[PDB]
Each structure stands twice: as C-alpha cells, then as structure tokens.
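So the structure is just underneath, and the comments pick up after that.
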Amino acid sequence: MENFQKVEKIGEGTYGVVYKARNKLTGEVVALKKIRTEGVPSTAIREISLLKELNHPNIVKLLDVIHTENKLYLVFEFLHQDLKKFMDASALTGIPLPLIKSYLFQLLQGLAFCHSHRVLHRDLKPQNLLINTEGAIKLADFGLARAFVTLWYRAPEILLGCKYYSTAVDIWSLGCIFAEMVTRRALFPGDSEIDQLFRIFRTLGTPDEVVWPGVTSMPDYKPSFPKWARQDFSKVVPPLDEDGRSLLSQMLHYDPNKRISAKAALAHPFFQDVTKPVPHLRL
Ligand SMILES: O=C(Nc1c[nH]nc1-c1nc2ccccc2[nH]1)c1ccccc1
C-alpha cells in the first residue's frame with residue numbers, strides 16, 4: 001500500500017507476511033500484514049471487521065483494515081519484540097518465574113476475553129505472542145484462522161481429526177508455551193502430524209476411553225496406536241512448583257471438556273502472588 005513504507009520483514013505469518021512499516025502520513029510505525037485469488041471472499045471481509053471490534057489490553061490492536069485493488073492488508077499496532085526472540089535471548093538464565101507467571105496471567109486474560117466472545121485463536125505460538133518494554137504481552141493473529149508451520153502447540157483433538165474443536169485448543173497451546181518458558185525447551189517438538197501426536201502420548205500417556213471418553217471413535221484415531229504410560233510432571237517441568245504443575249496439568253487434559261478454561265485458570269492458586277515484573281529486553 002502507498003501510505004506505508006516497509007522498513008523490514010518481521011515475520012512470515014500464516015495468511016501472509018508481516019512487515020514493520022511507517023505510515024507516510026501520520027508518521028507512526030506499525031505492523032503491516034499482507035493477506036495471501038478470487039478477490040477476497042465477502043465472509044472474509046466481515047470476519048475481519050468483527051475482529052476490529054474486540055479490543056483488549058492483552059490483544060494486539062488491529063488499527064485499520066485495508067481492502068484496496070482487491071488486496072487485503074491488516075494494520076496492527078507495533079510491539080517491541082515477540083516471545084520467541086525473548087525466550088532465545090533468555091536461554092542462558094531463563095525467564096524469571098515471576099515474569100513467566102505474569103505473562104501467563106495476562107495471556108489467560110486475553111483468551112478469557114476472546115473466548116467470552118466466541119472467538120478462538122487456534123494457532124498460538126511463541127512467534128505470535130508479543131511483548132513490550134512495560135511488562136505486557138499480547139496475542140496477535142487472533143480470529144484470522146476462522147476468518148480464513150509448527151505443530152508443536154497443536155491440541156490433541158486437532159491432531160485426531162476433530163473438525164469442530166472449541167476454545168480449549170488455545171488453552172492447550174498456552175500450556176505448551178508455559179512449560180517451554182519454564183524448561184527452556186519445547187514440550188512436544190513434533191515434525192510431522194504423527195510424530196507430534198506420539199510425542200504427546202509418550203509424555204502424557206496414550207489416551208483411552210477412560211481419560212478421554214470418545215477418543216477411540218475420533219476420525220483419525222487408530223487402535224493400533226502404541227500404548228505409552230503417563231510420565232509425572234515433576235520429571236516434565238521442574239523446577240516448576242506444585243501450584244504451577246497443578247495448573248499446567250489441567251491445561252493439558254486430553255478431554256477438551258475437562259481441560260481448564262481461561263476463566264477458571266485465572267482463579268488458580270498459582271496466581272495468588274502474581275505481580276507484573278518488567279523484562280530486560282534488547283531492541
Ligand atoms: O502480527 C505479528 N507481529 C506484530 C504485530 N504488531 N507488532 C508485531 C511485531 N512482531 C515482531 C517480531 C519481532 C520483533 C518485533 C515485533 N513486533 C505477527 C504475526 C504472526 C507471526 C509473526 C508476527
């Protein structure tokens with residue numbers, strides 16, 4: 001678009017590339033996202049116009065939606081750094097737990113907000129979680145999935161062929177990120193759909209009708225699925241204290257219906273002593 005001067009590519013999103021750009025008129029720096037050709041379906045337009053409404057302190061604000069020359073651009077407020085870069089930058093000493101807890105609390109609030117509006121993210125990952133110098137973290141790419149690649153944070157029901165998943169898939173994704181921040185290593189680093197699923201099974205044990213009633217008749221479930229035993233969280237996420245492990249385990253429940261909500265999670269004892277530390281980031 002003419003009213004923007006790309007400064008650089010800051011990422012390769014799902015539905016198009018993201019650029020840091022400066023508005024030629026206002027002068028403000030922003031994050032410009034180019035979408036994707038039939039001319040941009042109507043349904044897409046409206047889904048996008050709704051996302052322009054749900055504003056929350058923990059959600060990257062969608063400033064303007066530009067549909068020019070049958071092209072689609074989303075203009076989002078610009079954030080200082082993504083969670084991924086900050087995580088890598090903290091691989092030596094690790095993110096202070098008080099900061100980890102603050103980031104989780106905020107993210108859960110964002111999801112809580114989105115879920116109450118029946119809007120799901122569906123593709124949460126360290127790359128689309130954004131942070132700023134003020135101690136804040138926000139969700140980006142929200143609602144775009146519906147409107148319109150790592151498998152590490154994908155919920156088991158999505159891997160098993162379930163077509164009408166719920167908001168609980170986001171809760172699962174967040175739990176995987178929560179653990180990653182704590183251990184400084186990906187929880188389930190799969191490299192193909194079956195490897196992802198089996199990595200989950202190996203750590204949490206293969207699901208059955210007991211822990212997940214109905215799992216055995218899901219579209220892609222195979223009874224030939226190996227039978228792995230469930231590992232203890234003390235081995236999976238040290239040095240996470242008990243309240244943390246207790247919370248993580250509920251975020252990682254197989255049955256999407258037993259999986260903790262963002263709402264309930266915010267009331268978990270893990271957040272009783274939550275503060276809002278400021279990060280030491282290099283821009
Ligand atoms: O939308 C994405 N990112 C952003 C929106 N506003 N500001 C940003 C942003 N991303 C950055 C990455 C590195 C350093 C600074 C950044 N500011 C987005 C969506 C999907 C994948 C990647 C980025």
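In the structure tokens, the first chain shown is A, the next is B, and so on; residue numbers restart at 1 for each chain, and ligands run from 1 in the order shown.
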
Practice prompt. Name all residues at most 9 Å from residue A:253 (count only C-alpha atoms; drop same-chain ones fewer than 5 positions away) and give them as a PyMOL selection string.
Written response: chain A and resi 172+204+211-212+248+258-260

Could you save those same residues with C-alpha atoms as a PDB file, in the first residue's frame?
```pdb
ATOM      1  CA  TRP A 172      -3.660 -26.379  25.338  1.00  0.00           C
ATOM      2  CA  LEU A 204       1.084 -37.870  28.917  1.00  0.00           C
ATOM      3  CA  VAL A 211      -9.264 -40.418  30.495  1.00  0.00           C
ATOM      4  CA  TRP A 212     -10.882 -39.311  27.233  1.00  0.00           C
ATOM      5  CA  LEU A 248      -0.257 -26.984  33.800  1.00  0.00           C
ATOM      6  CA  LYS A 258     -12.120 -31.372  31.294  1.00  0.00           C
ATOM      7  CA  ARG A 259      -9.409 -29.007  30.192  1.00  0.00           C
ATOM      8  CA  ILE A 260      -9.423 -25.894  32.348  1.00  0.00           C
TER       9      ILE A 260
END
```

Exercise: residue A:146 partners within 10 Å, only C-alpha atoms, chain neighbours under 4 positions left out, as a compact mmCIF listing (two decimals) with C-alpha atoms, in the first residue's frame:
```txt
# COMPACT_ATOMS: atom_id res chain seq x y z
CA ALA A 44 -13.51 -12.93 4.97
CA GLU A 47 -14.91 -11.80 9.93
CA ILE A 48 -12.12 -9.23 9.75
CA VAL A 119 -13.62 -16.10 19.09
CA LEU A 120 -10.73 -18.57 19.02
CA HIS A 121 -7.09 -18.12 18.08
CA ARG A 122 -6.34 -21.72 17.09
CA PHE A 142 -6.42 -13.72 16.70
```

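Shortest separation to ligand 1 among A:40, A:169, A:54, A:129 occurs at residue A:129, atoms counted being only C-alpha atoms and all ligand atoms.
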
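For the set A:157, A:77, A:64, A:28, the residue with the smallest atom-to-atom gap to ligand 1 is A:77, counting only C-alpha atoms and all ligand atoms.
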
Worksheet entry | Residues within 7 Å of ligand 1, counting only C-alpha atoms and all ligand atoms, as a list in words | residues 10, 11, 12, 13, 14, 18, 30, 31, 33, 60, 76, 77, 78, 79, 80, 81, 82, 127, 128, 130, 140 and 141 of chain A

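If you measure from each of A:149, A:200, A:51, A:7 to residue A:117 using only C-alpha atoms, the closest one turns out to be A:51.
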
Discussion item. I'd like the neighbourhood of stretch 265-274 of chain A as a ChimeraX atom specification, where a residue qualifies if any of its atoms comes within 8 Å (using only C-alpha atoms), though same-chain residues fewer than 4 positions away should be ignored.
Written reply: /A:98,101-102,105,108-109,243-244,247,260-261

Save the residues we just selected, N, CA and C atoms, as a short mmCIF file (atom, residue, chain, number, x, y, z; two decimals), in the first residue's frame?
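To be explicit, this is the file written out as again.cif:
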```
data_model
loop_
_atom_site.label_atom_id
_atom_site.label_comp_id
_atom_site.auth_asym_id
_atom_site.auth_seq_id
_atom_site.Cartn_x
_atom_site.Cartn_y
_atom_site.Cartn_z
N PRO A 98 8.79 -15.14 38.14
CA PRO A 98 7.78 -14.11 38.37
C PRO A 98 7.33 -13.48 37.05
N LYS A 101 5.08 -16.12 35.20
CA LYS A 101 3.74 -16.12 35.79
C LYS A 101 2.92 -14.91 35.34
N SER A 102 3.57 -13.76 35.20
CA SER A 102 2.89 -12.55 34.76
C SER A 102 2.42 -12.71 33.31
N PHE A 105 -0.55 -15.12 33.16
CA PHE A 105 -1.75 -14.48 33.71
C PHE A 105 -2.41 -13.58 32.67
N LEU A 108 -3.84 -15.50 29.67
CA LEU A 108 -5.09 -16.14 30.06
C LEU A 108 -6.23 -15.13 30.06
N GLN A 109 -5.92 -13.88 30.41
CA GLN A 109 -6.94 -12.83 30.42
C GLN A 109 -7.38 -12.54 28.99
N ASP A 243 1.93 -25.59 42.53
CA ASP A 243 0.78 -24.86 42.00
C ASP A 243 0.91 -24.74 40.49
N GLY A 244 2.14 -24.55 40.02
CA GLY A 244 2.38 -24.43 38.60
C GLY A 244 2.10 -25.72 37.87
N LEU A 247 -1.57 -26.45 37.81
CA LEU A 247 -2.25 -25.69 36.77
C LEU A 247 -1.90 -26.28 35.41
N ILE A 260 -9.08 -27.13 31.67
CA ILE A 260 -9.42 -25.89 32.35
C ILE A 260 -9.65 -24.75 31.37
N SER A 261 -10.58 -23.86 31.73
CA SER A 261 -10.90 -22.71 30.92
C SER A 261 -9.93 -21.59 31.29
#
```

So which residues of stretch 20-255 of chain A fall under strand (DSSP E or B) by DSSP, listed as a PDB file with N, CA and C atoms, in the first residue's frame?
```pdb
ATOM      1  N   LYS A  20       7.296  -4.425   9.301  1.00  0.00           N
ATOM      2  CA  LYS A  20       7.295  -3.298  10.207  1.00  0.00           C
ATOM      3  C   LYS A  20       7.244  -2.181   9.183  1.00  0.00           C
ATOM      4  N   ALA A  21       6.399  -1.189   9.410  1.00  0.00           N
ATOM      5  CA  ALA A  21       6.291  -0.109   8.449  1.00  0.00           C
ATOM      6  C   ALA A  21       5.941   1.212   9.102  1.00  0.00           C
ATOM      7  N   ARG A  22       6.225   2.292   8.386  1.00  0.00           N
ATOM      8  CA  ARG A  22       5.941   3.632   8.864  1.00  0.00           C
ATOM      9  C   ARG A  22       4.901   4.260   7.950  1.00  0.00           C
ATOM     10  N   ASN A  23       3.862   4.824   8.549  1.00  0.00           N
ATOM     11  CA  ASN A  23       2.817   5.477   7.782  1.00  0.00           C
ATOM     12  C   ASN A  23       3.382   6.785   7.235  1.00  0.00           C
ATOM     13  N   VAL A  29       4.826   4.125  13.389  1.00  0.00           N
ATOM     14  CA  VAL A  29       5.437   2.867  12.942  1.00  0.00           C
ATOM     15  C   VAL A  29       4.361   1.851  13.234  1.00  0.00           C
ATOM     16  N   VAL A  30       4.184   0.841  12.392  1.00  0.00           N
ATOM     17  CA  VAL A  30       3.136  -0.145  12.652  1.00  0.00           C
ATOM     18  C   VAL A  30       3.511  -1.498  12.073  1.00  0.00           C
ATOM     19  N   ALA A  31       2.684  -2.505  12.336  1.00  0.00           N
ATOM     20  CA  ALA A  31       2.914  -3.841  11.790  1.00  0.00           C
ATOM     21  C   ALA A  31       1.894  -4.072  10.679  1.00  0.00           C
ATOM     22  N   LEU A  32       2.382  -4.145   9.445  1.00  0.00           N
ATOM     23  CA  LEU A  32       1.526  -4.339   8.276  1.00  0.00           C
ATOM     24  C   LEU A  32       1.504  -5.801   7.845  1.00  0.00           C
ATOM     25  N   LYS A  33       0.311  -6.380   7.776  1.00  0.00           N
ATOM     26  CA  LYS A  33       0.165  -7.774   7.382  1.00  0.00           C
ATOM     27  C   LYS A  33      -0.549  -7.912   6.039  1.00  0.00           C
ATOM     28  N   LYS A  34       0.162  -8.447   5.049  1.00  0.00           N
ATOM     29  CA  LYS A  34      -0.402  -8.662   3.720  1.00  0.00           C
ATOM     30  C   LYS A  34      -1.073 -10.030   3.715  1.00  0.00           C
ATOM     31  N   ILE A  35      -2.342 -10.079   3.321  1.00  0.00           N
ATOM     32  CA  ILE A  35      -3.070 -11.342   3.282  1.00  0.00           C
ATOM     33  C   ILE A  35      -2.912 -12.030   1.929  1.00  0.00           C
ATOM     34  N   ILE A  59      -4.506  -7.988  23.725  1.00  0.00           N
ATOM     35  CA  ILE A  59      -4.687  -8.365  22.311  1.00  0.00           C
ATOM     36  C   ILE A  59      -4.099  -7.286  21.394  1.00  0.00           C
ATOM     37  N   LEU A  62      -5.874  -4.187  16.187  1.00  0.00           N
ATOM     38  CA  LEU A  62      -5.981  -4.100  14.742  1.00  0.00           C
ATOM     39  C   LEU A  62      -6.447  -2.673  14.483  1.00  0.00           C
ATOM     40  N   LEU A  63      -5.523  -1.827  14.039  1.00  0.00           N
ATOM     41  CA  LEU A  63      -5.818  -0.426  13.773  1.00  0.00           C
ATOM     42  C   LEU A  63      -6.718  -0.196  12.568  1.00  0.00           C
ATOM     43  N   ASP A  64      -6.269  -0.631  11.395  1.00  0.00           N
ATOM     44  CA  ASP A  64      -7.050  -0.451  10.178  1.00  0.00           C
ATOM     45  C   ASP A  64      -7.030  -1.667   9.262  1.00  0.00           C
ATOM     46  N   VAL A  65      -8.134  -1.866   8.550  1.00  0.00           N
ATOM     47  CA  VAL A  65      -8.261  -2.966   7.603  1.00  0.00           C
ATOM     48  C   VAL A  65      -8.359  -2.352   6.213  1.00  0.00           C
ATOM     49  N   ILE A  66      -7.376  -2.625   5.365  1.00  0.00           N
ATOM     50  CA  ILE A  66      -7.381  -2.063   4.023  1.00  0.00           C
ATOM     51  C   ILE A  66      -7.618  -3.088   2.904  1.00  0.00           C
ATOM     52  N   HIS A  67      -8.746  -2.946   2.202  1.00  0.00           N
ATOM     53  CA  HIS A  67      -9.120  -3.810   1.075  1.00  0.00           C
ATOM     54  C   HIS A  67      -8.998  -2.940  -0.182  1.00  0.00           C
ATOM     55  N   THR A  68      -7.793  -2.834  -0.737  1.00  0.00           N
ATOM     56  CA  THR A  68      -7.586  -2.000  -1.922  1.00  0.00           C
ATOM     57  C   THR A  68      -7.181  -2.872  -3.104  1.00  0.00           C
ATOM     58  N   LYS A  71      -7.129  -6.485  -2.690  1.00  0.00           N
ATOM     59  CA  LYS A  71      -5.980  -6.940  -1.921  1.00  0.00           C
ATOM     60  C   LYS A  71      -6.354  -6.683  -0.476  1.00  0.00           C
ATOM     61  N   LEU A  72      -5.788  -7.454   0.447  1.00  0.00           N
ATOM     62  CA  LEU A  72      -6.106  -7.283   1.859  1.00  0.00           C
ATOM     63  C   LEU A  72      -4.913  -7.036   2.769  1.00  0.00           C
ATOM     64  N   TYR A  73      -4.954  -5.913   3.476  1.00  0.00           N
ATOM     65  CA  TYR A  73      -3.898  -5.546   4.410  1.00  0.00           C
ATOM     66  C   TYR A  73      -4.491  -5.263   5.780  1.00  0.00           C
ATOM     67  N   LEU A  74      -3.827  -5.757   6.815  1.00  0.00           N
ATOM     68  CA  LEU A  74      -4.266  -5.515   8.178  1.00  0.00           C
ATOM     69  C   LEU A  74      -3.172  -4.670   8.809  1.00  0.00           C
ATOM     70  N   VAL A  75      -3.561  -3.591   9.473  1.00  0.00           N
ATOM     71  CA  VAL A  75      -2.585  -2.720  10.111  1.00  0.00           C
ATOM     72  C   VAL A  75      -2.729  -2.853  11.623  1.00  0.00           C
ATOM     73  N   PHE A  76      -1.733  -3.481  12.245  1.00  0.00           N
ATOM     74  CA  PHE A  76      -1.720  -3.725  13.688  1.00  0.00           C
ATOM     75  C   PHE A  76      -0.751  -2.834  14.439  1.00  0.00           C
ATOM     76  N   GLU A  77      -1.079  -2.511  15.685  1.00  0.00           N
ATOM     77  CA  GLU A  77      -0.191  -1.690  16.497  1.00  0.00           C
ATOM     78  C   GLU A  77       1.145  -2.427  16.543  1.00  0.00           C
ATOM     79  N   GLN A  81       8.833  -6.724  20.764  1.00  0.00           N
ATOM     80  CA  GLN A  81       9.527  -7.987  20.482  1.00  0.00           C
ATOM     81  C   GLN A  81       8.536  -9.132  20.585  1.00  0.00           C
ATOM     82  N   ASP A  82       8.880 -10.278  20.014  1.00  0.00           N
ATOM     83  CA  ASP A  82       7.994 -11.426  20.099  1.00  0.00           C
ATOM     84  C   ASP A  82       8.524 -12.322  21.202  1.00  0.00           C
ATOM     85  N   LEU A 129       3.088 -14.131  20.021  1.00  0.00           N
ATOM     86  CA  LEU A 129       2.836 -13.604  21.356  1.00  0.00           C
ATOM     87  C   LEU A 129       3.799 -12.426  21.352  1.00  0.00           C
ATOM     88  N   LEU A 130       3.294 -11.228  21.619  1.00  0.00           N
ATOM     89  CA  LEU A 130       4.145 -10.046  21.570  1.00  0.00           C
ATOM     90  C   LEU A 130       4.327  -9.329  22.900  1.00  0.00           C
ATOM     91  N   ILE A 131       5.536  -8.823  23.127  1.00  0.00           N
ATOM     92  CA  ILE A 131       5.857  -8.136  24.370  1.00  0.00           C
ATOM     93  C   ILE A 131       6.378  -6.720  24.185  1.00  0.00           C
ATOM     94  N   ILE A 137       2.345  -8.454  27.479  1.00  0.00           N
ATOM     95  CA  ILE A 137       2.445  -9.432  26.415  1.00  0.00           C
ATOM     96  C   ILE A 137       1.072  -9.472  25.765  1.00  0.00           C
ATOM     97  N   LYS A 138       1.010  -9.600  24.445  1.00  0.00           N
ATOM     98  CA  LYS A 138      -0.288  -9.617  23.782  1.00  0.00           C
ATOM     99  C   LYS A 138      -0.347 -10.647  22.685  1.00  0.00           C
ATOM    100  N   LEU A 139      -1.567 -11.094  22.412  1.00  0.00           N
ATOM    101  CA  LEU A 139      -1.860 -12.087  21.388  1.00  0.00           C
ATOM    102  C   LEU A 139      -2.037 -11.408  20.032  1.00  0.00           C
ATOM    103  N   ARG A 230       1.889 -42.751  31.216  1.00  0.00           N
ATOM    104  CA  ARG A 230       1.959 -41.333  31.544  1.00  0.00           C
ATOM    105  C   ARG A 230       3.113 -41.004  32.482  1.00  0.00           C
TER     106      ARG A 230
END
```

Discussion item. Going by DSSP on the backbone, which residues of stretch 57-283 of chain A come out as alpha helix (DSSP H)? List them as a VMD selection string.
Written reply: chain A and resid 83 to 89 97 to 115 144 to 147 156 to 159 168 to 183 193 to 204 233 to 236 242 to 251 262 to 265

Item to complete: Measuring atom to atom with only C-alpha atoms, identify which of A:206, A:132, A:250, A:116 is nearest to residue A:281.
Response: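 Using only C-alpha atoms, residue A:281 sits closest to A:132.
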
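With only C-alpha atoms as the atoms that count, the minimum distance from residue A:145 to the choices A:182, A:53, A:16, A:217 is reached by A:16.
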
Worksheet entry | Nearest to residue A:173 by atom-to-atom distance, counting only C-alpha atoms, from A:185, A:276, A:46, A:125 |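 Among the listed residues, the smallest separation from residue A:173 belongs to A:125.
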